[PDB]
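**Q** Following this message is one structure expressed as structure tokens.
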Amino acid sequence: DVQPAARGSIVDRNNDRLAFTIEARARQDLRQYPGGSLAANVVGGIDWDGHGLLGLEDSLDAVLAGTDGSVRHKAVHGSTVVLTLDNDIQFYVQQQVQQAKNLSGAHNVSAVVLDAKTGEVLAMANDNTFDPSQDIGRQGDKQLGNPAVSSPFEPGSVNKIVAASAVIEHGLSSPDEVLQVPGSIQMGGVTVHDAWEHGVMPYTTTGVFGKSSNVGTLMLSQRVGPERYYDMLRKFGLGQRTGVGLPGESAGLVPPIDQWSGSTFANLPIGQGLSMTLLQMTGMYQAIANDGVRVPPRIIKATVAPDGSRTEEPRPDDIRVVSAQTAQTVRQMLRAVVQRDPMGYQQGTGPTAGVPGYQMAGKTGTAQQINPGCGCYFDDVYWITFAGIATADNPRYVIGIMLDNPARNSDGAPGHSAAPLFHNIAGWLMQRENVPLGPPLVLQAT
Ligand SMILES: [Co+2]
Ligand SMILES: [Co+2]
Ligand code: NA
């Protein structure tokens with residue numbers, strides 16, 4: 001005689017159930033997904049035999065399924081898995097991601113919300129998420145996986161956090177240094193232009209990152225040098241799996257410095273020639289949010305044994321990327337990206353991401369995609385990103401967004417920006433916790 005182990009549940013950080021089993025009959029255990037598609041990218045689905053088919057149902061199947069007993073060997077019932085997700089935040093973010101996808105016309109949209117201090121994954125969502133309460137064979141038109149961890153992209157100008165962090169950390173510039181930024185330069189044998197044409201502009205270091213000057217980024221990166229720049233790429237976790245605890249995580253791709261060509265250093269600081277996942281991208285800004293200490297993100301908070309005893313997941317080791325002073329200085333600078341100016345001069349690239357009364361800080365991203373037919377960049381196909389911190393003066397949440405080639409803003413207005421989706425999510429996070437509420441920053445001197 002077999003005594004079957006009962007499958008454990010999957011719950012969010014507050015024990016709100018995402019997946020649980022009810023007993024029924026044809027002896028038939030039926031998996032329940034009360035939220036339908038809610039976080040199904042993470043949770044996954046069940047197979048005909050009641051074991052996991054994909055997602056965490058599959059990757060944690062041994063934990064969740066337990067071991068059948070016999071009569072004597074006692075049945076070891078499945079343990080319950082406690083995720084770091086907050087279902088309230090997941091539900092709002094997942095809805096907003098879907099409508100940002102409909103409104104922008106992007107091929108796909110994804111977003112990640114991390115706790116600023118611990119790096120725990122509070123929300124991880126993509127558009128078009130499948131429904132694990134329905135048979136997977138009817139859902140070829142749905143997203144069955146978890147692109148936020150599986151599908152890397154070239155960061156483009158969201159990668160400029162690395163250059164900014166390195167020039168401040170090594171004492172090579174300051175936010176208010178007045179620079180002289182030509183409209184193009186030749187570097188490493190190639191020519192780099194700014195996304196707008198201009199003669200020599202007196203951007204401050206703040207303005208180089210606030211206006212996203214490719215040329216200004218590269219001039220500053222020349223002060224850093226290849227070795228210190230590459231070292232900082234690695235400290236930020238790029239090119240390495242985070243170990244978040246989800247199946248199918250990609251490591252991204254960073255060319256090691258001993259394989260660089262003459263043009264590599266002219267490309268990497270502006271986010272071309274390397275790739276990262278949305279989670280890695282968001283993890284970078286968490287380092288700066290956490291006063292320079294990167295905590296690799298985790299989605300498994302704890303497991304609860306059948307006797308009800310809870311064991312917390314072990315916290316990952318810290319990585320000191322920059323000093324606390326550097327991190328605080330970088331957060332303040334990135335406030336310029338969301339700064340509005342009717343006269344244009346002191347406006348960053350993402351003013352719609354700002355939330356009045358809060359010190360929102362972040363960075364817009366644009367990156368050309370690669371044309372499969374030529375092995376060369378598309379002229380007009382982009383990954384659009386936004387990464388930000390709520391808030392600069394008191395980091396609580398880190399939010400990362402990617403839009404795959406939108407035709408409009410995330411809210412449907414003309415343009416291509418992901419900044420309004422950050423506005424919606426960050427502002428909602430502030431209001432729902434009743435977070436309580438200087439002079440304008442100088443991006444462009446005389
Ligand atoms: Co356009
Ligand atoms: Co608003
Ligand atoms: Na990477």
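Chain identifiers are assigned as A, B, and so on, following the order in which chains appear in the structure tokens; residues are numbered from 1 within each chain, and ligands are numbered from 1 in order of appearance.
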Kindly work out which residues sit at most 10 Å from ligand 2, using only C-alpha atoms and all ligand atoms, and give the list as a VMD selection string.
**A** chain A and resid 352 to 356 420 to 421 423 to 424 427 to 428
**Q** Could the residues in this selection be saved with C-alpha atoms as a PDB file, in the first residue's frame?
**A**
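Final output, saved to part.pdb:
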```pdb
ATOM      1  CA  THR A 352       7.331  62.185 -17.038  1.00  0.00           C
ATOM      2  CA  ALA A 353       8.931  59.678 -14.656  1.00  0.00           C
ATOM      3  CA  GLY A 354       9.135  62.255 -11.852  1.00  0.00           C
ATOM      4  CA  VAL A 355       6.494  62.221  -9.117  1.00  0.00           C
ATOM      5  CA  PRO A 356       5.899  65.661  -7.525  1.00  0.00           C
ATOM      6  CA  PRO A 420       5.333  57.017 -17.628  1.00  0.00           C
ATOM      7  CA  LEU A 421       5.170  53.377 -16.518  1.00  0.00           C
ATOM      8  CA  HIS A 423       5.668  57.190 -12.878  1.00  0.00           C
ATOM      9  CA  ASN A 424       2.555  55.026 -12.409  1.00  0.00           C
ATOM     10  CA  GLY A 427       3.728  56.876  -7.459  1.00  0.00           C
ATOM     11  CA  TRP A 428       1.367  54.067  -6.533  1.00  0.00           C
TER      12      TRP A 428
END
```
**Q** Give me, as a list in words, the set of residues whose atoms come within 8 Å of any atom of ligand 3, counting only C-alpha atoms and all ligand atoms.
**A**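 The residues near ligand 3 are residues 152, 237, 238, 239, 240, 241, 251, 252, 253, 254, 274, 275, 276, 277, 280 and 281 of chain A.
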**Q** Produce a file of the selected residues containing N, CA and C atoms, as a PDB file, in the first residue's frame.
**A**
```
ATOM      1  N   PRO A 152      17.987  38.160 -22.343  1.00  0.00           N
ATOM      2  CA  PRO A 152      18.804  39.373 -22.211  1.00  0.00           C
ATOM      3  C   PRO A 152      18.655  40.279 -23.418  1.00  0.00           C
ATOM      4  N   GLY A 237      27.658  42.926 -11.249  1.00  0.00           N
ATOM      5  CA  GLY A 237      27.011  41.631 -11.458  1.00  0.00           C
ATOM      6  C   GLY A 237      26.685  41.267 -12.890  1.00  0.00           C
ATOM      7  N   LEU A 238      27.138  42.053 -13.860  1.00  0.00           N
ATOM      8  CA  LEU A 238      26.787  41.832 -15.250  1.00  0.00           C
ATOM      9  C   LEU A 238      27.519  40.623 -15.807  1.00  0.00           C
ATOM     10  N   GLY A 239      26.843  39.897 -16.700  1.00  0.00           N
ATOM     11  CA  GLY A 239      27.477  38.696 -17.222  1.00  0.00           C
ATOM     12  C   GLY A 239      27.484  37.491 -16.292  1.00  0.00           C
ATOM     13  N   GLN A 240      26.833  37.571 -15.140  1.00  0.00           N
ATOM     14  CA  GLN A 240      26.784  36.478 -14.184  1.00  0.00           C
ATOM     15  C   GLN A 240      25.332  36.293 -13.763  1.00  0.00           C
ATOM     16  N   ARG A 241      24.879  35.041 -13.698  1.00  0.00           N
ATOM     17  CA  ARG A 241      23.565  34.782 -13.124  1.00  0.00           C
ATOM     18  C   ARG A 241      23.525  35.337 -11.708  1.00  0.00           C
ATOM     19  N   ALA A 251      22.640  34.363 -18.051  1.00  0.00           N
ATOM     20  CA  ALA A 251      23.755  35.119 -17.495  1.00  0.00           C
ATOM     21  C   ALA A 251      24.012  36.428 -18.226  1.00  0.00           C
ATOM     22  N   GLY A 252      23.338  36.672 -19.348  1.00  0.00           N
ATOM     23  CA  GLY A 252      23.718  37.817 -20.138  1.00  0.00           C
ATOM     24  C   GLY A 252      25.076  37.544 -20.768  1.00  0.00           C
ATOM     25  N   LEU A 253      25.719  38.616 -21.214  1.00  0.00           N
ATOM     26  CA  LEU A 253      26.966  38.491 -21.963  1.00  0.00           C
ATOM     27  C   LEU A 253      27.757  39.774 -21.808  1.00  0.00           C
ATOM     28  N   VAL A 254      28.985  39.661 -21.289  1.00  0.00           N
ATOM     29  CA  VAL A 254      29.939  40.757 -21.218  1.00  0.00           C
ATOM     30  C   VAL A 254      31.266  40.250 -21.775  1.00  0.00           C
ATOM     31  N   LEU A 274      27.176  44.428 -25.177  1.00  0.00           N
ATOM     32  CA  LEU A 274      26.961  43.533 -24.051  1.00  0.00           C
ATOM     33  C   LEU A 274      25.460  43.389 -23.899  1.00  0.00           C
ATOM     34  N   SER A 275      25.037  42.400 -23.110  1.00  0.00           N
ATOM     35  CA  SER A 275      23.618  42.164 -22.905  1.00  0.00           C
ATOM     36  C   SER A 275      23.382  41.772 -21.461  1.00  0.00           C
ATOM     37  N   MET A 276      22.170  42.051 -20.985  1.00  0.00           N
ATOM     38  CA  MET A 276      21.784  41.768 -19.616  1.00  0.00           C
ATOM     39  C   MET A 276      20.294  41.487 -19.587  1.00  0.00           C
ATOM     40  N   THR A 277      19.872  40.775 -18.552  1.00  0.00           N
ATOM     41  CA  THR A 277      18.460  40.581 -18.290  1.00  0.00           C
ATOM     42  C   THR A 277      17.887  41.799 -17.573  1.00  0.00           C
ATOM     43  N   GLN A 280      19.085  41.608 -13.923  1.00  0.00           N
ATOM     44  CA  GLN A 280      20.437  42.144 -13.770  1.00  0.00           C
ATOM     45  C   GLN A 280      20.435  43.662 -13.844  1.00  0.00           C
ATOM     46  N   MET A 281      19.694  44.224 -14.811  1.00  0.00           N
ATOM     47  CA  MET A 281      19.607  45.677 -14.953  1.00  0.00           C
ATOM     48  C   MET A 281      19.067  46.303 -13.679  1.00  0.00           C
TER      49      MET A 281
END
```
**Q** I want to know what sits within 8 Å of residue 229 in chain A, based on only C-alpha atoms, with residues of the same chain fewer than 4 positions away left out; could you give that as number ranges by chain?
**A** A: 162-163, 166, 221, 224-225, 233
**Q** Could you turn the residues from that selection into a file that holds N, CA, C and O atoms, as an mmCIF file, in the first residue's frame?
**A**
```cif
data_model
loop_
_atom_site.group_PDB
_atom_site.id
_atom_site.type_symbol
_atom_site.label_atom_id
_atom_site.label_comp_id
_atom_site.auth_asym_id
_atom_site.auth_seq_id
_atom_site.Cartn_x
_atom_site.Cartn_y
_atom_site.Cartn_z
ATOM 1 N N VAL A 162 26.981 52.615 -14.916
ATOM 2 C CA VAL A 162 28.322 52.095 -14.652
ATOM 3 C C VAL A 162 29.368 53.198 -14.807
ATOM 4 O O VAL A 162 30.191 53.416 -13.911
ATOM 5 N N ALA A 163 29.356 53.902 -15.948
ATOM 6 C CA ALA A 163 30.284 55.014 -16.141
ATOM 7 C C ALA A 163 30.129 56.062 -15.045
ATOM 8 O O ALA A 163 31.128 56.548 -14.506
ATOM 9 N N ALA A 166 31.567 54.803 -11.720
ATOM 10 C CA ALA A 166 33.020 54.683 -11.747
ATOM 11 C C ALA A 166 33.722 56.042 -11.698
ATOM 12 O O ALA A 166 34.748 56.168 -11.022
ATOM 13 N N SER A 221 34.471 58.298 -19.483
ATOM 14 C CA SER A 221 34.922 56.918 -19.366
ATOM 15 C C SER A 221 36.407 56.802 -19.700
ATOM 16 O O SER A 221 37.097 55.938 -19.150
ATOM 17 N N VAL A 224 38.244 57.000 -16.569
ATOM 18 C CA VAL A 224 38.209 55.736 -15.836
ATOM 19 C C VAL A 224 39.238 54.764 -16.397
ATOM 20 O O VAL A 224 39.993 54.137 -15.646
ATOM 21 N N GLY A 225 39.267 54.602 -17.722
ATOM 22 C CA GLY A 225 40.130 53.629 -18.354
ATOM 23 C C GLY A 225 39.475 52.258 -18.454
ATOM 24 O O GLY A 225 38.559 51.933 -17.697
ATOM 25 N N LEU A 233 31.931 46.938 -14.188
ATOM 26 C CA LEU A 233 30.937 46.072 -14.826
ATOM 27 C C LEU A 233 30.761 44.772 -14.049
ATOM 28 O O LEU A 233 29.632 44.331 -13.796
#
```
**Q** Counting only C-alpha atoms and all ligand atoms, what residues are within 7 Å of ligand 1, given as a PyMOL selection string?
**A** chain A and resi 407+415-416
**Q** Show me a table, sorted first by chain and then by increasing residue number, of the residues of range 14-126 of chain A having an atom at most 6 Å from range 298-308 of chain A, each with its shortest atom pair and the distance in Å to one decimal, counting only C-alpha atoms and written as a tab-separated table.
**A**
```
residue	atom	partner	partner_atom	distance
A:79	CA	A:305	CA	4.7
A:80	CA	A:304	CA	5.0
A:81	CA	A:303	CA	4.7
A:82	CA	A:302	CA	5.0
A:83	CA	A:300	CA	4.6
A:84	CA	A:299	CA	5.0
A:120	CA	A:298	CA	5.1
A:121	CA	A:299	CA	5.2
```
**Q** As a PDB file with N, CA, C and O atoms, in the first residue's frame, please: the residues near residue 58 in chain A (cut-off 9 Å, only C-alpha atoms, same-chain neighbours under 5 positions excluded).
**A**
```
ATOM      1  N   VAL A  43       5.415  31.215 -11.095  1.00  0.00           N
ATOM      2  CA  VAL A  43       4.842  30.037 -10.446  1.00  0.00           C
ATOM      3  C   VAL A  43       4.920  28.817 -11.354  1.00  0.00           C
ATOM      4  O   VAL A  43       5.271  27.713 -10.905  1.00  0.00           O
ATOM      5  N   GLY A  44       4.583  28.987 -12.637  1.00  0.00           N
ATOM      6  CA  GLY A  44       4.543  27.882 -13.581  1.00  0.00           C
ATOM      7  C   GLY A  44       3.220  27.132 -13.601  1.00  0.00           C
ATOM      8  O   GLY A  44       2.163  27.717 -13.346  1.00  0.00           O
ATOM      9  N   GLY A  45       3.271  25.831 -13.890  1.00  0.00           N
ATOM     10  CA  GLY A  45       2.068  25.033 -14.023  1.00  0.00           C
ATOM     11  C   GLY A  45       2.350  23.584 -13.685  1.00  0.00           C
ATOM     12  O   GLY A  45       3.497  23.181 -13.475  1.00  0.00           O
ATOM     13  N   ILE A  46       1.283  22.796 -13.682  1.00  0.00           N
ATOM     14  CA  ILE A  46       1.304  21.404 -13.235  1.00  0.00           C
ATOM     15  C   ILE A  46       1.125  20.493 -14.441  1.00  0.00           C
ATOM     16  O   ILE A  46       0.517  20.874 -15.444  1.00  0.00           O
ATOM     17  N   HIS A  51       2.765  16.506 -10.865  1.00  0.00           N
ATOM     18  CA  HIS A  51       4.081  17.092 -10.668  1.00  0.00           C
ATOM     19  C   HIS A  51       4.239  18.340 -11.530  1.00  0.00           C
ATOM     20  O   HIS A  51       3.450  18.602 -12.441  1.00  0.00           O
ATOM     21  N   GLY A  52       5.271  19.122 -11.216  1.00  0.00           N
ATOM     22  CA  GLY A  52       5.462  20.386 -11.910  1.00  0.00           C
ATOM     23  C   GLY A  52       5.752  20.174 -13.386  1.00  0.00           C
ATOM     24  O   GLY A  52       6.417  19.211 -13.778  1.00  0.00           O
ATOM     25  N   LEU A  53       5.222  21.072 -14.213  1.00  0.00           N
ATOM     26  CA  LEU A  53       5.474  21.079 -15.655  1.00  0.00           C
ATOM     27  C   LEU A  53       6.462  22.166 -16.072  1.00  0.00           C
ATOM     28  O   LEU A  53       7.302  21.942 -16.953  1.00  0.00           O
ATOM     29  N   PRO A 247      14.080  29.056 -12.669  1.00  0.00           N
ATOM     30  CA  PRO A 247      14.653  28.286 -13.779  1.00  0.00           C
ATOM     31  C   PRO A 247      14.804  29.149 -15.022  1.00  0.00           C
ATOM     32  O   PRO A 247      14.050  30.097 -15.242  1.00  0.00           O
TER      33      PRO A 247
END
```
